[PDB]
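Asks: Okay, handing you the structure first.
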Number of protein chains: 2
Amino acid sequence: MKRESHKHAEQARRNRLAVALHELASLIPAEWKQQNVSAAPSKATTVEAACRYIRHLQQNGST
Amino acid sequence: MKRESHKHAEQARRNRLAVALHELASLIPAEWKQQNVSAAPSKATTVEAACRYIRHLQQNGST
DNA sequence: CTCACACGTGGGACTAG
DNA sequence: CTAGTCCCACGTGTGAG
């Protein structure tokens, strides 16, 4: 039963979710992801602010 | 000594990272995605994407 | 303690024999 | 049926502070 690999595999898989996610804040220019309620530089929070630098960025109507 | 049952501490906390991936999905452009090689619609595979957009949105107009 | 975390695990679409 | 892929998510033993 390939769960034997599914391990070696679904690890590589769950890993991808990291390399990249890592590589988001890795260069979230918006360094405020450095300064706030941030209870963890690893997933969630970083991603909360990760959507943020974009959230600033999606400003499309300069007066 | 909830060193087993503390359980919920994971997902009840994980939930954020879920939607973090999700708001990361709200301000990302489907219309963009055509550029990106389809990976599969996953809670990992698209963290890949938010980078793409972001890495991009930065140098907007530069020529 | 409270956090955050990476492992296995059963797994349920989907596909190729 | 049989198993090989996908990627989802829970339940945890652990380090860290």
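All residue names refer to the structure tokens as shown: chains lettered A, B, ... in order, residues numbered from 1 in each chain, ligands numbered from 1 in order.
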Mind checking which residues fall within 10 Å of residue 6 of chain A, counting only C-alpha atoms (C1' of nucleotides), ignoring those fewer than 4 positions away in the same chain, and posting them as a PyMOL selection string?
Replies: (chain A and resi 1-2+10-13) or (chain C and resi 8-9) or (chain D and resi 5)
Asks: Any chance you could export the current selection's N, CA and C atoms (P, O5', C5', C4', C3', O3' and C1' of nucleotides) as a compact mmCIF listing (two decimals), in the first residue's frame?
Replies:
```
# COMPACT_ATOMS: atom_id res chain seq x y z
N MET A 1 0.86 -1.21 0.00
CA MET A 1 0.00 0.00 0.00
C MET A 1 0.88 1.24 0.00
N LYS A 2 0.87 1.93 -1.15
CA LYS A 2 1.69 3.13 -1.39
C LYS A 2 1.65 4.28 -0.39
N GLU A 10 3.57 12.74 0.40
CA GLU A 10 2.82 13.81 1.07
C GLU A 10 3.63 14.66 2.06
N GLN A 11 4.94 14.47 2.08
CA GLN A 11 5.82 15.23 2.93
C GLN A 11 6.39 16.28 2.01
N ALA A 12 6.85 15.79 0.86
CA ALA A 12 7.40 16.64 -0.19
C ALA A 12 6.25 17.58 -0.50
N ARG A 13 5.06 17.00 -0.60
CA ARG A 13 3.91 17.82 -0.88
C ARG A 13 3.75 18.86 0.22
P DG C 8 5.63 10.35 8.90
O5' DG C 8 4.32 10.34 9.82
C5' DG C 8 4.14 9.38 10.91
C4' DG C 8 2.91 8.53 10.69
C3' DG C 8 2.88 7.79 9.35
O3' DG C 8 2.14 6.53 9.41
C1' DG C 8 1.31 9.57 9.32
P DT C 9 0.66 6.45 8.78
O5' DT C 9 -0.02 7.67 9.54
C5' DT C 9 -0.74 7.50 10.76
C4' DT C 9 -2.21 7.54 10.42
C3' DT C 9 -2.42 6.52 9.30
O3' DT C 9 -3.65 5.84 9.37
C1' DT C 9 -2.78 8.69 8.44
P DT D 5 2.35 6.72 -6.44
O5' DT D 5 1.57 7.95 -7.07
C5' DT D 5 1.92 8.49 -8.33
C4' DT D 5 0.97 9.61 -8.67
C3' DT D 5 0.84 10.66 -7.56
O3' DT D 5 1.24 12.01 -7.84
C1' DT D 5 -1.32 9.91 -8.41
```
Asks: Using only C-alpha atoms (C1' of nucleotides), which chain D residues lie at most 9 Å away from chain A, written as JSON, numbers by chain?
Replies: {"D": [3, 4, 7]}
Asks: Show me, as number ranges by chain, the residues that have an atom within 6 Å of segment 17-31 of chain B when counting only C-alpha atoms (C1' of nucleotides), minus same-chain residues fewer than 3 positions from it.
Replies: A: 43-44, 47-48, 51; B: 14
Asks: Between atom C1' of residue 11 of chain D and atom CA of residue 4 of chain B, what distance in Å does the model show, to one decimal?
Replies: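 Atom-to-atom, atom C1' of residue 11 of chain D to atom CA of residue 4 of chain B, that is 6.9 Å.
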Asks: Matching each Cα of chain A to the same-order Cα of chain B and superposing by least squares, what RMSD do you find?
Replies: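 With all C-alpha atoms paired in order, the RMSD is 2.6 Å.
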Asks: In Å, with one decimal, what is the gap from atom CA of residue 59 of chain A to atom CA of residue 32 of chain B?
Replies: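 Value for the atom CA of residue 59 of chain A-atom CA of residue 32 of chain B distance: 17.1 Å.
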Asks: Would you list which chain A residues are within 8 Å of chain C using only C-alpha atoms (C1' of nucleotides), as a PDB file with C-alpha atoms, in the first residue's frame?
Replies:
```
ATOM      1  CA  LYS A   7       4.576   9.531   3.397  1.00  0.00           C
ATOM      2  CA  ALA A  39       2.234  35.624  17.066  1.00  0.00           C
ATOM      3  CA  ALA A  40       4.407  33.613  14.638  1.00  0.00           C
ATOM      4  CA  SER A  42       5.749  30.792   9.980  1.00  0.00           C
TER       5      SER A  42
END
```
Asks: So the first atom is atom CA of residue 36 of chain A and the second is atom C1' of residue 17 of chain D; what is the distance between them in Å, to one decimal place?
Replies: 18.4 Å
Asks: Between B:53, B:34, B:61, B:3, which residue has the minimum interatomic distance to chain A, considering only C-alpha atoms?
Replies: B:53
Asks: Please return as a PyMOL selection string: the residues of chain A that backbone DSSP assigns to helix (DSSP H, G or I).
Replies: chain A and resi 3-25+31-33+44-57
Asks: Taking into account only C-alpha atoms, which residue in the set A:41, A:57, A:5, A:33 is nearest to chain B?
Replies: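 Looking at the shortest contact to chain B, the residue is A:57.
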